[PDB]
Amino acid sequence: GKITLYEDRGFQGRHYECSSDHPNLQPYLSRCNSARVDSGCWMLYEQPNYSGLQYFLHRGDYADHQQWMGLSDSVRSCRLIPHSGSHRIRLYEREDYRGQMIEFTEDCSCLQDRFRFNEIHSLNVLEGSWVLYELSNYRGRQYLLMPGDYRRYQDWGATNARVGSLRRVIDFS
């Protein structure tokens, strides 16, 4: 994958290119107001070491941080999200894989049309990477999910269990 991050909007100003995870962009990039993703899928983070607010970017041209729903021009680390050639996830009503479970292999724009709960308390990412969204239609706080176990909502970086939609991490090209 390849991404170029720019200090000013419209692909202007000082910039920095990444082709792998970068845990601390601060020396190389003082702010981020636009990005061009040439390939791969990326998660931008407000704080170093993959912490703070998260934002999913795929291939394309993002002329303003608002296009990735960025709440500010602070981008201080980024992950190259591993490609996968399938997706499967189990979402659970309660912590520790308890209660009702609903399984997905495709995107879901409104979890509540499939599952009566406003919250998911644990999940198992069996195949591929996903972005979990606080709100329906891929809005609100974003949480990158990579293959592995998540016994509690705090394991995906959330401060509560609210979930509204779920998206596979896929490069269309």
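A residue's number is simply how far along the shown sequence it sits, counting from 1.
Comparing 157 to 165 with 8 to 16, the higher mean C-alpha B-factor in the PDB entry belongs to 8 to 16. For the pair 68 to 76 and 89 to 97, the mean B factor over Cα atoms is greater in 68 to 76. Across the options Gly40, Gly128, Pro48, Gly148, the residue with the most elevated CA B-factor in the record is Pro48. Between the residues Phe115, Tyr133, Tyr55, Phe104, it is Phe115 that shows the highest Cα B-factor in the PDB record.
Ranked by Cα temperature factor within the chain, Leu44 sits in the lowest third according to the deposited record.
Residue-level temperature factors show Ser30 in the highest third of its chain, judged at the C-alpha atom. Ranked against the other modelled residues of its chain, the C-alpha B-factor of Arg141 as given in the entry falls in the middle third.
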